[PDB]
Structures are given as C-alpha cells and as structure tokens.
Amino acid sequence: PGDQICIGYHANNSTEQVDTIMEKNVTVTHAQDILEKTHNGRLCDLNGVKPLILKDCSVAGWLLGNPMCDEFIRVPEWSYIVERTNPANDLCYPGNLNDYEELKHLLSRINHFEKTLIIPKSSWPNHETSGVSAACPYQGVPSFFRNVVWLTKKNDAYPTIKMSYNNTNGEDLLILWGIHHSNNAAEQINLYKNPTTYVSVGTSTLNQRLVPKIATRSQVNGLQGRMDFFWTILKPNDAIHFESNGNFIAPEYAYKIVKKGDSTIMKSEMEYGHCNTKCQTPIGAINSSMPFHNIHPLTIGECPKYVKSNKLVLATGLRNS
C-alpha cells in the first residue's frame, strides 16, 4: 500500500433534521430551536406585582359592591385584571355602567387603590337610605350595592338634595353614582313622590343632567326597572356637586386612585399561581429569551413575537450521514 492522510468531518448518531431553502429533511449533528412552545400553565405576577383576580364578578359588580360579590379583601395595587369569560355577578339591579370599557382600561393597571367612605348615610337626614331590592340578594335576604345608597321618600317627602363633596385627600377619587328608571307614574310617586325629577352632577369639568325614562321594559333579574350608573375622576381639591329631587343613587364609598402605567383585561378561567413572570397569557406564563413563540396571541408583558409555526429549527452542526 502507501501512507495516507485524509480530510474529513464529524459525524454522530443524532437524528435531528432541519430544512433549507433548497433541501428538506436534512439530518444534522446538532440543532437549536428558536421557537418557544412551553408555558408554566399558571397566572403569575407581572414583574412582582400581583394581578387583580375577579373570581365570579365583573368589574362593574366589584366596583359598585354587588352583595354577592365582595368575598374579596383589600388589594391596593395590581398589574392587570383577570376576568372570567362570562362572570356571574355583574349588575344585580339591571342597567348599565356608562363608559364601561374605557373605565375597565383605566383600572387595568393601578399603582394605588383604596376604598374610602365619602358620604355616610347619616348625611341624608330627610331621606330614606334603606333602599333594598330582591334582585340584589345577600344570602337570600334582599340587599343592595354596598358602595351606593338608594334614596327613598321619607314622611311623604323628597326634599331637593343640594349637597357636595370636596376631595381633601392627596389622590384622585373615582366616584360612581346613578339614576333609577321607574316603570310607571304610580311607582314613581310611591318611591319619590315627585313625578318630574332630575339628577344633576357637576365638577370642574363634568356638567351632567339626567332625567329618568319612565317606560315599560322587558324583565331582567325579575325586574323591569333600570339603574344607569356613571363615574368621574375627581382631582384633588376639586369638589363634586349633586342636585336631585328623586331617583338618585347617591355615592357612599369612593376609591383613591393612582395610575402610573397601562395594561388590559385578561379573559381567563384560571387561578393565581404564586409565581413571577415577564410575559403572561390566558393559559400560562412564559419564561423565554427566544425571539418567537406560538403559545397564545392575547399576551400581557414583554413577549416574543407570535407566529403560526410548529418548529423553527436552526442547524448548528454539520450535515450527518
């Protein structure tokens, strides 16, 4: 024979396959995937801040204090809000909350939140404050929203209310109030004694005048009446002014609010997972430095780019044989 020297390259037992522009299913000695497909399957803190989880309540029910709602405790700060797809206890008394979607966006991320008593029930000496409905039961007994007061005639009289509250605190106040729509002239007199009625609300920027619509409506929660609720943000040292001669759903509790960032509302049925994450999805949190993922499009946080892909496999080794 004769002495020989040869040039060659590595080969192993790997079966990893990659695709190229010109070739498909090429076996390589080593490869790396740049697509993220794994999540922990739990709802986590977003950068160490716990989310607000409204288990069986919508935002409107939680804010107004639905009697079947406040199983909660004080959460002073949150990074996002988890609502179930169809919450059960939204609005015990049928009606609407005005600008509901914008209000939900505003509350998605809150730096400081604290319920505070602003107008106690003793501030209505000439009005009934025990307005109670069966559509708002607490343990079967009829009740009402915990944070607002149903004002009713007293001694066959509804004196015109001319009251105000001044925000003496150092933070913004989210304040909610409402107007009750009656069904007929008889019910209107039986509740407020004043057939023609109004609710006027004014601040440095708000200028609102509401009049009830007395008409027949389809029953909801066994009720034909409606309660339309409204809200405002009262700046510090500003005052809100209320004038009403009937159908007023007065505020009792308000919320000190401080906003420094923005988020959204996450629709998910899962529960808190006692974990931290940089990126959250409705079905689980993701911890990845990979540029792409295929887990879920409705993400909150710093996340890889969403793609419709099963694998993004980069060849890092040699062609195998």
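For every residue, the number given is its place in the sequence shown, counted from 1.
The stretch with the higher mean CA B factor, choosing between 54-62 and 25-33, is 54-62.
Between the stretches 140-148 and 98-106, it is 140-148 that shows the larger average CA temperature factor. Between the residues 283, 68, 254, 265, the entry's highest C-alpha temperature factor is the one at 68. Per the deposited record, the Cα B-factor of residue 275 falls in the highest third when ranked against the other modelled residues of its chain. Among the modelled residues of its chain, residue 241 has a C-alpha B-factor that falls in the lowest third, as given in the PDB entry. Placement of the Cα temperature factor of residue 78 within the chain: middle third of the modelled residues, per the deposited record. Among all modelled residues in this chain, the alpha-carbon of residue 114 has a temperature factor (C-alpha) in the middle third. Residue 72: CA B factor lies in the highest third for its chain, per the PDB record.
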